[PDB]
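**Q** I am attaching a structure below and will ask some questions about it afterwards.
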Amino acid sequence: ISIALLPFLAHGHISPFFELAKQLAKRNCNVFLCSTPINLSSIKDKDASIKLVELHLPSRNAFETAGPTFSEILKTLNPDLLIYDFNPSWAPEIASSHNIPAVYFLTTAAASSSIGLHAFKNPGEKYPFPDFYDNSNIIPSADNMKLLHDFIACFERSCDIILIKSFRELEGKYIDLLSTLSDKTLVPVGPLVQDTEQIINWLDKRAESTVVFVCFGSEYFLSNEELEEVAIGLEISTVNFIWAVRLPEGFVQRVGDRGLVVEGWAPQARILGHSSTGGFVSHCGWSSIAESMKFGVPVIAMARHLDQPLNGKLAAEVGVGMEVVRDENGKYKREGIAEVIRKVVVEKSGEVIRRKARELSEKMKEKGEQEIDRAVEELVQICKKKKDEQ
Ligand SMILES: CC(C)=CCC[C@](C)(O[C@@H]1O[C@H](CO)[C@@H](O)[C@H](O)[C@H]1O)[C@H]1CC[C@]2(C)[C@@H]1[C@H](O)C[C@@H]1[C@@]3(C)CC[C@H](O[C@@H]4O[C@H](CO)[C@@H](O)[C@H](O)[C@H]4O)C(C)(C)[C@@H]3CC[C@]12C
């Protein structure tokens, strides 16, 4: 009944854990507990769950040292189950030292994880779905070696089931692959979407499904030359657009009101949910795609590093978006962006895409709630099995 959550010390990981807390606490009267430092706790002071504090010990940070602190926290709570992240490393160890089942939560796509888990569990290599990853390539980094170890470990430490912030409609094939690879029952919980006025006032005065949202920055990388390239792409697309930047860089006084730029935080969920939106030029972050496909918005894939290229090519495989064609020197170009923007948002050829993103969206709003219901009842199963084990 009582569940405990230890999200990693990353804002890119706190929101899924908090939304999962809201989802599990509202059903089956789950006595909820969430453990993370006060700094990361006081940012989500909004709307059934109980929060916890954590004090580190003074003399990538000191999170690997809060072992005994979390041990005392668990000895205090003694919860029925712990849902940990991926980098705590000692969270399943401490959960076992208190005889608490540890369930691993993966806030990432299943195919990106399947690549690595299959490279690990099968040095017989091969890939059952090779339209994604193929062989006949050569690559080599201790940076990535540590990451992959932290990745496999948290995949093995999970008890029976592995929670994942994804759904079957996008990659149930890869979900079942991950299940058969890790020998654990992959239980999806769907996406976890949370939730000044000038943006709304401008977006309401437009036609339906004629505006393209852009947020390739998303608090990562964005150079002025790349700013110029994506700006010329947006301009020669002759389309209404709302672009959010991180921080010469164009002439907004010139192509104003046909578009709109924001310096920092935009209502991404509210913009994508608006009926006048029909495009999302994204960096292919997992949370971004999970939000985009929930509102029936196709995905212009401008990927770069990490798991984003795999997410983008998965979206292209399921036919809910399209990727930009990089130029000769491996860089997206004005035309490489405008081509796909026009072919997706306004062209009749991309209607297929435009339709699938809608046909999928309703499905997510049709089978909702029951995903997390089955996830909750599977957790009750593991706890009861543990008690029966004695
Ligand atoms: C083993 C081998 C032989 C080849 C396969 C690996 C691969 C093809 O890539 C090969 O990797 C090889 C490594 O040796 C090299 O040869 C070469 O680089 C390349 O070919 C690609 C494909 C699968 C891959 C994408 C992998 C990457 O590497 C490592 C990632 C990583 C583990 C990176 C950190 C990411 O976490 C976020 O990012 C920040 C840091 O945690 C956080 O702040 C943020 O919040 C998080 O969301 C998360 C989302 C967890 C992913 C999960 C997916 C994974 C496994």
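What is reported rests on the model, the rules as stated and the sources as named; no laboratory instrument gave them. Quick reminder, even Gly has a Cβ in these numbers, built from the backbone with ideal geometry, and neighbours come from all protein chains shown.
**Q** Picking from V281, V318, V352, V344, which residue would you name as being out of contact with any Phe, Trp or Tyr (no Cβ under 8 Å at 6 or more places or on another chain), more than 16 Å from the ligand (Cβ to nearest atom), under 26 Å from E219 (Cα atoms) and assigned by TED's automatic domain parsing to the domain that holds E225?
**A** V344 is the lone residue from the list that is out of contact with any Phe, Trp or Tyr (no Cβ under 8 Å at 6 or more places or on another chain), more than 16 Å from the ligand (Cβ to nearest atom), under 26 Å from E219 (Cα atoms) and assigned by TED's automatic domain parsing to the domain that holds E225.
**Q** Of the conditions (1) touching a strand residue (DSSP E or B) at 6+ places or on another chain (Cβ under 7 Å); (2) surrounded by fewer than 21 Cβ atoms within 10 Å (Cβ to Cβ); (3) under 18 Å from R342 (Cα atoms), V262 satisfies every one except a single condition; which number is it?
**A** (3)
**Q** Which one of the conditions (1) within 16 Å of the ligand (Cβ to nearest atom); (2) of a type outside the set (V, I, T); (3) not in a loop (DSSP other than H, G, I, E, B) does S292 fail to meet, given that it meets all the rest?
**A** Of the numbered conditions (1) within 16 Å of the ligand (Cβ to nearest atom); (2) of a type outside the set (V, I, T); (3) not in a loop (DSSP other than H, G, I, E, B), the odd one out for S292 is (1).
**Q** Restricting to region 1-53, and then to whatever is in a loop (DSSP other than H, G, I, E, B) and touching a strand residue (DSSP E or B) at 6+ places or on another chain (Cβ under 6 Å), can you tell me which residue is nearest to the ligand (Cβ to nearest atom)?
**A** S49
**Q** Taking only pairs six or more apart or across chains, which ones have beta-carbon atoms under 6 Å, a first residue in region 184-208 that is small (G, A, S), and a second residue that is surrounded by 13 or more Cβ atoms within 10 Å (Cβ to Cβ)?
**A** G190/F167; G190/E371
**Q** Just one of (1) away from the ligand (no atom under 11 Å from the Cβ); (2) of a type in the set (S, T, N, Q); (3) exposed (fewer than 10 other Cβ atoms within 10 Å of the Cβ) trips up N122, so point out which.
**A** Looking at each condition in turn, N122 falls short on (3).
**Q** Checking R304 against (1) within 16 Å of the ligand (Cβ to nearest atom); (2) of a type in the set (K, R); (3) under 21 Å from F167 (Cα atoms), which single condition isn't satisfied?
**A** Of (1) within 16 Å of the ligand (Cβ to nearest atom); (2) of a type in the set (K, R); (3) under 21 Å from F167 (Cα atoms), only one is false for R304: (3).
**Q** Related question: Evaluate region 137-144: report whether one residue or more is surrounded by 21 or more Cβ atoms within 10 Å (Cβ to Cβ), of a type in the set (S, T, N, Q) and out of contact with any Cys (no Cβ under 7 Å at 6 or more places or on another chain).
**A** No.
A quick yes/no check of all residues on (1) more than 22 Å from the chain's Cα centre (by Cα); (2) under 24 Å from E64 (Cα atoms); (3) in a loop (DSSP other than H, G, I, E, B):
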position: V103; (1), (2), (3): no, yes, no
position: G124; (1), (2), (3): yes, no, yes
position: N144; (1), (2), (3): no, yes, no
position: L147; (1), (2), (3): no, yes, no
position: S179; (1), (2), (3): no, no, no
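**Q** Please name all residue pairs, on different chains or six or more residues apart, with Cβ atoms under 7 Å, provided the first residue is in region 139-162 and is within 10 Å of the ligand (Cβ to nearest atom) and the second residue is outside any helix (DSSP H, G or I).
**A** Partner pairs satisfying both residue conditions: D150/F86; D150/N87; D150/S89; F151/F86; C154/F86; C154/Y104.
**Q** Condition first: of a type in the set (S, T, N, Q) and crowded, with 20+ Cβ neighbours inside 10 Å. Can you find one or more residues in region 214-234 that meet it?
**A** No, there is no match, as no residue in region 214-234 is of a type in the set (S, T, N, Q) and crowded, with 20+ Cβ neighbours inside 10 Å.
**Q** Something else now. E226: over 19 Å from the mean Cα position of the chain (by Cα) and assigned to a loop (DSSP other than H, G, I, E, B), yes or no?
**A** Details: over 19 Å from the mean Cα position of the chain (by Cα): yes; assigned to a loop (DSSP other than H, G, I, E, B): no.
It is false that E226 is over 19 Å from the mean Cα position of the chain (by Cα) and assigned to a loop (DSSP other than H, G, I, E, B).
**Q** So in region 46-79, with the set limited to residues that are small (G, A, S) and either under 26 Å from the mean Cα position of the chain (by Cα) or surrounded by 13 or more Cβ atoms within 10 Å (Cβ to Cβ) (or both), which one is farthest from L9 (Cα to Cα)?
**A** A48
**Q** Considering only region 334-346, I want to know if a residue exists there that is of a type in the set (G, A, S) and farther than 24 Å from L227 by Cβ.
**A** No, the conditions are met nowhere in region 334-346.
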